[PDB]
2 protein chains.
Amino acid sequence: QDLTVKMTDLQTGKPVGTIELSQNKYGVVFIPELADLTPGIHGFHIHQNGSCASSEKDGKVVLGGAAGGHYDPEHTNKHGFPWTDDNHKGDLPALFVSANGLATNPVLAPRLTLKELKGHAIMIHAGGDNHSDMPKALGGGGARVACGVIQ
Amino acid sequence: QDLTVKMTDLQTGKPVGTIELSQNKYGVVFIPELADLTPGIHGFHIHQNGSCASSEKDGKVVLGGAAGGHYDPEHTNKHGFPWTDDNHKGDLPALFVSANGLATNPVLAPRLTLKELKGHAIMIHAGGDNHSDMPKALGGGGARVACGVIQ
Ligand SMILES: [Cu+2]
Ligand SMILES: [Cu+2]
Ligand SMILES: [Zn+2]
Ligand SMILES: [Zn+2]
């Protein structure tokens, strides 16, 4: 264990739980303890800016848009797998949400370190993540439903 | 990519798809392409013996029991996480099965290598995997539903 990240639903504004971040010899483990999520597989990524506030795009509101794009320190400008290097370092494996709307399945990011995560935002999307920009950009994650700033 | 493992349902005996095994700098990636599985999270582990045949335990039939216990080359005799060392090296992250009964979400095992996998069995269980022997042994995976021998 190490860091505790408070997550909040963007649409409702109410807290949905926390995610514990820990560093180990194989990378960063994300241990979720969230509730009230839509059952299924969800896009899960680290974003650039440390904010969950809404942004604005061509006259339309973007929930959690202030977080910016996917954390991409090497400027790959591509969405990929958590085990591939030529893509966003913030690409995490998808988060599993069971029928009861709970997310407790831990996940690991081999290309990340805890230290570099400080000041960034953890994002959970409505759609899944096929780890590619096609047929849909950013793995088809779609809108941002839950978000939290890494302290 | 590298190896293709044919998976078959133990109860029905009919094929359920394949799992592609590939080696990369971070470990072994398991890319599933399975169908006809019960929606939800499933225990996913590498077992000792290279057989999916049934075994016998105190007069009761054990589907896929010929596969033996979880691959544990260091004899830890404990069930754990894919990123912890003091437990079965065959402990993989859980497999996600969507509502449509399909399993396509790729998963990685940082403690494994392709070469050592040859001759072992890939197992999918009915229950999930909380990566511990409690409250239920072997992460609560329960019975074995799908199995395949690594060539
Ligand atoms: Cu994202
Ligand atoms: Cu098993
Ligand atoms: Zn990305
Ligand atoms: Zn095990």
Side-chain angles (χ1 to χ4, degrees), chain A residues 20-34 37-44 79-87 89 91-114 125 127-132 135 139-141, chain B residues 20-34 37-44 79-87 89 91-114 125 127-132 135 139-141:
Chain A
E20 179 168 296
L21 277 53
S22 57
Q23 168 75 262
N24 67 82
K25 70 191 294 188
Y26 303 111
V28 174
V29 173
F30 293 77
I31 311 173
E33 285 304 307
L34 306 174
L37 299 179
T38 72
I41 203 71
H42 292 268
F44 192 36
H79 184 66
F81 293 94
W83 44 84
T84 41
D85 302 318
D86 186 42
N87 53 264
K89 223 177 200 172
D91 294 339
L92 312 170
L95 195 69
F96 164 70
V97 177
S98 41
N100 50 38
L102 308 180
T104 59
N105 178 232
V107 123
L108 204 156
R111 288 190 297 140
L112 292 173
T113 65
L114 263 182
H125 292 258
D129 189 345
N130 71 340
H131 296 107
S132 59
Chain B
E20 179 168 296
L21 277 53
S22 57
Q23 168 75 262
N24 67 82
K25 70 191 294 188
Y26 303 111
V28 174
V29 173
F30 293 77
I31 311 173
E33 285 304 307
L34 306 174
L37 299 179
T38 72
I41 203 71
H42 292 268
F44 192 36
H79 184 66
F81 293 94
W83 44 84
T84 41
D85 302 318
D86 186 42
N87 53 264
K89 223 177 200 172
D91 294 339
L92 312 170
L95 195 69
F96 164 70
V97 177
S98 41
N100 50 38
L102 308 180
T104 59
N105 178 232
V107 123
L108 204 156
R111 288 190 297 140
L112 292 173
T113 65
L114 263 182
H125 292 258
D129 189 345
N130 71 340
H131 296 107
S132 59

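Reminder, nothing fancy here: chain letters follow the sequence lines and each chain counts from 1.
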Worksheet item: Heavy-atom distance under 4.5 Å to chain A: side chain of B/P93, backbone, both or neither?
Response: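 Neither the backbone nor the side chain of B/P93 comes within 4.5 Å of chain A.
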Worksheet item: Of the backbone (N, CA, C, O) and the side chain (C-beta and beyond), which part of B/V97 lies under 4.5 Å from a heavy atom of chain A, both, or neither?
Response: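 Neither the backbone nor the side chain of B/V97 comes within 4.5 Å of chain A.
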Item to complete: Starting at CH2 of A/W83, measure out to CG of B/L108 and round the result to the nearest 0.5 Å.
Response: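 One finds 6.0 Å between CH2 of A/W83 and CG of B/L108.
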Discussion item. So for A/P39, is it side chain, backbone, both, or neither that comes closer than 4.5 Å to the heavy atoms of chain B?
Written reply: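 When you check distances to chain B, no heavy atom of A/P39 falls under 4.5 Å.
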Discussion item. Between A/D85 and chain B, with a heavy-atom cut-off of 4.5 Å, which part of the residue counts as in contact: side chain, backbone, both or neither?
Written reply: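 For A/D85, the contact with chain B is made by the side chain alone.
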Item to complete: Heavy atoms only: give me the nearest B/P106-A/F81 pair and the separation to one decimal.
Response: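 Residues B/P106 and A/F81, closest heavy atoms: CG-CE2, 3.9 Å.
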